[PDB]
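Take a look at the structure below.
Derivation of every value follows stated rules applied to the coordinates shown; laboratory data play no part. All Cβ positions, even for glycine, are placed from backbone atoms using ideal geometry, and neighbour counts span all protein chains on display.
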Amino acid sequence: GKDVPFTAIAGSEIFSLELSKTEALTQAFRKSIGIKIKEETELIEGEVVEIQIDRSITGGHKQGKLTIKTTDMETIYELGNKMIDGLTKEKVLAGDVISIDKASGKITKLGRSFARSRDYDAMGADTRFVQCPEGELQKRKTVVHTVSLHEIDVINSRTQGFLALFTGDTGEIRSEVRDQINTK
Amino acid sequence: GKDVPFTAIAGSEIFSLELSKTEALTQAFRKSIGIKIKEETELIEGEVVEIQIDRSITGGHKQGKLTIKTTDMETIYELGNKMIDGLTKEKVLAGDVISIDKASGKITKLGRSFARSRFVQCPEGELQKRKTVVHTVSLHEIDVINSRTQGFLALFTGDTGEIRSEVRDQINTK
Amino acid sequence: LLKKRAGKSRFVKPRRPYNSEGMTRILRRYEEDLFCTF
Amino acid sequence: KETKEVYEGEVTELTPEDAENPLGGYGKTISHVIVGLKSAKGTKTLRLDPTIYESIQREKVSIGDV
Amino acid sequence: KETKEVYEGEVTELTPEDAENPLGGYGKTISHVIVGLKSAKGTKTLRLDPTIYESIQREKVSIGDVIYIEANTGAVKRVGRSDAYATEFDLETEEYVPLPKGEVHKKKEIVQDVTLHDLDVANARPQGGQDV
Amino acid sequence: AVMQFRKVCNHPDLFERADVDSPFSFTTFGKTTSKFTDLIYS
Amino acid sequence: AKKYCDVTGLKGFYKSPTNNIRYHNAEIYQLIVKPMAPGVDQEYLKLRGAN
Amino acid sequence: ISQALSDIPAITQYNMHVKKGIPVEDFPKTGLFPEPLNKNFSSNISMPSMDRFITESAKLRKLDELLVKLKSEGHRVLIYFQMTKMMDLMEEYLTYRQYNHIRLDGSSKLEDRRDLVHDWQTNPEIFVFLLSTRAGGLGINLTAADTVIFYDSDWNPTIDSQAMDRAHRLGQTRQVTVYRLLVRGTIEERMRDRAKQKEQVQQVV
DNA sequence: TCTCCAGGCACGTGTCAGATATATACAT
DNA sequence: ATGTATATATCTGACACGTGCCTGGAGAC
């Protein structure tokens, strides 16, 4: 079934010029042992009202406030750097109903509800008429995600290990990392 | 004894992956010949009595008087702003003993003196001592220094990486 | 009597201080948008 | 396969105008940007988002460029 | 048994003073940075170099965040937001920790268990200083 | 002897507290032998 | 101006903090600068006019 | 290199840009240091984990297990301690839950007790109470609370009965449940057996 | 001798040291 | 049978800091 790791390799993949045979077999061993981690996330869905974004002259430092609302609750917030970088992508035009996952950092524009009349005709926007959500603005949710031991080893190995997930540039991770990961 | 190099390598020590066998043997050969240089430097080592530092509102100019003592003599010194900046950095309080390199500004705290109310005795004799230090060094150490492709850290991380011979004739002639 | 009386018988948290000086501002409202630059 | 909506052509007139209520403590509080376009048997001016003017400054766009 | 010099507390003020000629080639953009640290029963004003401030602004600290300046290596740690201010108005999955007990300047004893190979590795590939 | 079999049940941190976790600083810096205080990198 | 030792006319390296006389080495501080009588200082420093 | 590996402060950028005439193109290059994966990965100094603090004591683990449904019920809870430092580190647990709590003991000042009881009896938003056995377990009106948590209050059954009577009083409008947390296979078993035999001796005569 | 303002004097509130008390198992 | 050991828990008890004020020490002639 799903959610269980299954590493299927041939015999010839162990011999590599970047890895020793024991390192390749240790990676093939640690890819097959899974860690299921639970997490407490918060889903925030509402029609946005006022987006204030304060960026410096070079554009590096970013802060600001986010004013979102639903039918029964109006609540302003405070924005981090990744929140503003996610809001700069998938352009919000102050009246599009969005959904934010607090622990995953995912910004999903559900559609437009305000139906703005005066618009600068530069975009090819054909956003769907969704309704303004009602009820509680902030909802608690418990999620579970599955990761395996090799992934946590590569992530804790160096500064940019998440790129080494995909480039495969994980060259002979030390034993101290592996025993500390086992203890953790 | 000391002051004479003694390299102790094994037979399997030269089969490396980043250095060739002749390169490893040349490094092992040049590790075992010493160069002996005697150089003299003035040092100030004594027990600090009291540090007085006055500064303006913005700190544009800082005036400082440092009184310092030995078991034989004591003195008061007027310090410029750079040496004040080198004294608030690596904080020296009363009762501490320090060694001051006047040319380079290297102030090392040797500890605290015998005043409790680490521990190390107050230095004796003259404050300004002329010390002659006999330096010994290997030719392999000067080869990586004179080679510009790698720094002195290759002596410590072992990443010299096939030093050429044209620098070796230069250090031999020098 | 005052000494005997004294000896016998006698919220919402504040928000974080938002601070932005020398910082370009983007406003996004229902009918108009702003880009205050320097 | 993809469908791309594009605008292209020479720049005949480019000016970002200030808002009707300028915010204090800032210079050039832009409400929208008017950029004129010109191509072969085609000429159209258009309104623009004010944040695009920052990329205009980043791109070094003047009158006469495409 | 290693002793550590620790400057920790909630950041109250953050005022950098600029240089006279910031485009002079040599020198830094700023001269010093004034940091006001307040902990339980103590409040200190810190004047820094540029160099510690590079690591401090590498962690993206701000006003109202409690920090942890380890004076041994110059490394700093953003402990989190303070709960003296509001809590329920954040989107940055933040964690909120109360004010650190004791004074701002500290000297604490930490018992460390290392090996000689870790010392050789840390000296072979040096990390944790405030240099290039 | 009463002082040591009762609050081991309650919390192990009542005897020794959990301290900060940091790498061992292999450094000889300027330490203090104890309206602002200068903090310079050393 | 070049600093000079007031005892010997030599090159002065150290100035005593108790009585403000520059001196050259340790032994003039031992048997001249330390056991000197009070009042000898004023015409000791009269030569360079430091009184 | 150091200016490449970090940023200029925003007010410093403002002072260089418009108060000195330096354009943006002639600014030094900044912000080339890569972003870390998390805020946790930004530094190698790890604080003492609050989760590792609470999970290493199983009595606190069971207390936090029941306190979530106790708070979801919309309730009022008293907890009685014997030890003062465990009475001092429970605030560290309660700040994690950001619960409204007050602390009462005999080391506190006497005139704080009267208005503490007053804000207990009028303000309904207060949730958590910390008490000593002989301080708050004697004759104090606690009529709006029913759930009393005995963390380690088994040392003398008379003080436990007095602390029960301090809360189980007249005027209570709902049911009263008393929870008693303990660990098994320890000296607390023999201490509770001695307390039970003293309770039987008191109950017979 | 004219001016004037803040340095020191006066009067409140919190915060670490002694004193009685429980208490129960162990050793003499 | 009794001291005691080592932590409580209350619980006072003597001591150092945060506001007024006024008048005399300092600047100037």
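Data table
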item: Within straight-line cross-link reach of A:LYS21, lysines at Cα separation under 21 Å, skipping those fewer than 8 residues along the same chain; result: A:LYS31
item: Fraction in percent of alpha-carbon pairs per bin - 5 Å, the range H:10-86; result: 3, 9, 11, 11, 10, 8, 8, 7, 5, 7, 8, 9, 5, 1
item: Value of [θ]222 nm, deg cm²/dmol, for the protein assembly as shown, DSSP H segments ≥ 4, -39500 (n - 2.57) each, nearest 500; result: -6500 deg cm²/dmol
item: 10 Å Cβ neighbours from other chains, averaged over peptide E:22-35; result: 3
item: Inter-label distance, nm, simple model (7 Å from Cα along the C-beta direction), A:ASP119/G:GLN42; result: 9.9
item: Violating pairs (Cα-Cα greater than 28 angstrom) within the set G:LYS15/G:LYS46; A:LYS106/E:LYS28; E:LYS44/H:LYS71; B:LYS65/F:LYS31; A:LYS65/A:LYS91; E:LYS4/E:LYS44; result: A:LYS106/E:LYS28; E:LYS44/H:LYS71
item: Links that overshoot a 26 Å alpha carbon limit, given the list E:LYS106/F:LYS35; B:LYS62/H:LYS29; E:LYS77/E:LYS101; D:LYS38/D:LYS60; A:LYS69/A:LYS102; A:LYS139/C:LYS13; result: B:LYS62/H:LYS29
item: Net charge of neighbours whose Cβ lies under 12 Å from the Cβ of B:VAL97, counting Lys and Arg as +1 and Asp and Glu as -1; result: 0
item: Binned Cα-Cα distance frequencies in the protein assembly as shown - 10 Å width, integer %; result: 2, 8, 13, 17, 18, 17, 12, 8, 4, 1, 0, 0
item: Projected label distance in nm at G:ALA1 and H:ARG184, using a 7 Å step from Cα toward the beta-carbon; result: 9.4
item: Per-selection metrics, the range B:37-76 (Cα): Rg and Dmax in Å; result: 15.2, 49
item: Charged-residue dipole, Cβ positions (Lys, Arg, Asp, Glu), chain E about Cα centre, Debye nearest 20; result: 420
item: P(r) of chain E over all Cα-Cα pairs, binned every 10 Å from zero, in whole percent; result: 11, 35, 31, 19, 4
item: Relative contact order for chain A, counting Cα pairs under 8 Å that sit 6 or more residues apart, in percent; result: 25
item: Phi to ³J(HN,Hα) by Karplus 6.51 cos²θ - 1.76 cosθ + 1.60 over the range H:153-164, Hz, x for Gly, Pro; result: 7, 9, 6, 9, x, 5, 5, 5, 5, 5, 5, 5
item: Averaged over F:6-19, number of beta-carbon atoms from partner chains that fall within 10 Å; result: 6
item: Inter-chain Cβ neighbour average for residues H:24-31, partner chain, 10 Å; result: 3
item: Potential lengthening between H:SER46 and H:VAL205 on full extension [0.36 nm per residue; Cα-Cα distance subtracted]; result: 51.4 nm
item: Anchor C:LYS8: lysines whose Cα lies under 28 Å away (excluding residues fewer than 8 positions away in-chain); result: H:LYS109
item: Inter-label distance, nm, simple model (7 Å from Cα along the C-beta direction), H:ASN156/B:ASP169; result: 9.9
item: Most to least packed among C:27-36, B:76-85, B:101-110 [average Cβ atoms within 10 Å]; result: C:27-36, B:76-85, B:101-110
